[PDB]
Structure formats: structure tokens, C-alpha cells
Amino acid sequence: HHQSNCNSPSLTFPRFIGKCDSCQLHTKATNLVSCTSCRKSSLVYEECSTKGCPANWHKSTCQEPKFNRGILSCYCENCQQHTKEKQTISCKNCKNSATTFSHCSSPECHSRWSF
């Protein structure tokens, strides 16, 4: 609590591949939001690329993942700024969606990000 907030949010959206806990293959993609200024991060969404894995959010009948990504802009309930984003992940072919976690980029909120 001796710490101080970051007053220059500068956001990037890293993606790392790792081991999926379900199928145990090296196919789990962890997508984040990160501030390069303070180097804190918040999980946005996870997905496994293994066909048929419960951690893969596509229908069983999906022929081809057609990835598209959406952005919604909201007012934040913690800092009252217009700095909140709800991202959407869905497939144009199969119509399923991945679970997503929102984030707020304000100095007040993004400084409390953890990962």
C-alpha cells in the first residue's frame, strides 16, 4: 500500500501459448491486457486450439475457426471514467463465443491489475 498508481497507461495485448490443463497439449493461448509503463497485466480470455477439448470454445461442428474480435466501451463502476472495455470473441462460421473478462485502463483501476 506504500505503492503508487501508474499515471501513463499505455496498453498492449500480449498472447502466450502454454499447456492446456484439459487436453495437456501445448495449445492454450492466454490473452492479456498489459500496460507497458507499469508492466501490470489482466487476463482477457483463454482458449485452447485442440479440436474437441472442453477448453476450446468452438462448436463440435465448427469446420474452420474464423476469428473476429469486438470492442465495447463502458463507464467504469469503480473509477467513473470512460476507460472500461468489454471485448467480444466469437467465430464467424460456428457462432460460438469465448468467455471474456473486462478491464479498466484508468490509473486507479489498471494499477490493481494482477496476474
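Position 1 is the first residue in the sequence shown; the rest follow in order.
The mean C-alpha temperature factor is higher for 62-70 when 86-94 and 62-70 are set side by side. Legend: mean Cα B-factor per stretch from the PDB entry, 76-84 versus 29-37; the higher mean is in 76-84. For the set 99, 106, 102, 10, the PDB entry puts the maximum C-alpha B factor at 10. Ranked by Cα temperature factor within the chain, residue 110 sits in the lowest third according to the deposited record.
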